[PDB]
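Before any questions on binding or motion, here is one chain by itself as structure tokens, the form deposited in one PDB entry.
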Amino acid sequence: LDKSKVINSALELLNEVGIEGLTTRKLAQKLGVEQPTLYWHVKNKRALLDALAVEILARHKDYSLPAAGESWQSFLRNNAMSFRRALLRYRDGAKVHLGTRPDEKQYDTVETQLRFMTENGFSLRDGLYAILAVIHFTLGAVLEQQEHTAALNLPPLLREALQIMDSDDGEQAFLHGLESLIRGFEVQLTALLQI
């Protein structure tokens, strides 16, 4: 058996039982193979999740590198929305991504992304933090979206607040916070670039 096979069945299983219900043993039976066999492909749940996170981005995170002439603001915005769309493709997708560092095969992309940020005036540290903030914000928002759904006296302001949240799926909150981050990054960058 090979990756695409294991992986596709794993993604199929993930949608069926969710992340907590996902076990290498279930994947083995899912694939109708011996656990010892599967083991060398996916040694533990951790490895499986890492493989899944990687595959999910590879298949659905269509945006990663900025186009020639693209602004850094747009680069960050697209990386976020693309990341978001990919995580939403599968059940517990955000939870699956948690704790997965880039694969070596994405290193060149990451270096390019980092270089791009520095070419735009960001110190490597600030460019890195901006990217991390976008990623973290996106995870939090998606985790919240994919969650609160399954999870299904009030002061006036609060009642109204909760009312506003019910009227949204989460995309509005995500885009708002995302644009705040970028605008925040803008003010800071401009200020610093004056030195």
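Under this definition, the rigid core comprises the largest set of C-alpha atoms superposing within 1.5 Å between the forms. All residue numbers refer to positions in the sequence shown, first residue = 1. Shifts are known only where both forms have a C-alpha.
Keep in mind that the form deposited in another entry is not shown, yet the notes after this line are about it.
S.K.: Superpose on the rigid core, then report which one of 159, 59, 136, 46 has a CA displacement of at least 2 angstroms between the shown form and the other one.
M.R.: That would be 159.
S.K.: Checking residue 70 here: with the core superposed, does its CA move 2 Å or more between the shown form and the other one?
M.R.: No, residue 70 moves less than 2 Å.
S.K.: Core aligned, does the CA of residue 168 move at least 2 Å between the shown form and the other one?
M.R.: Result for residue 168: yes, a 2 Å-plus shift.
S.K.: Send over the list of consecutive residue runs, 3+ long, where the C-alpha shift is 2 angstroms or more at every position between the shown form and the other one on a core fit.
M.R.: The segments that shift (3 or more residues, C-alpha shift of 2 Å or more) are 2 to 4, 153 to 168.
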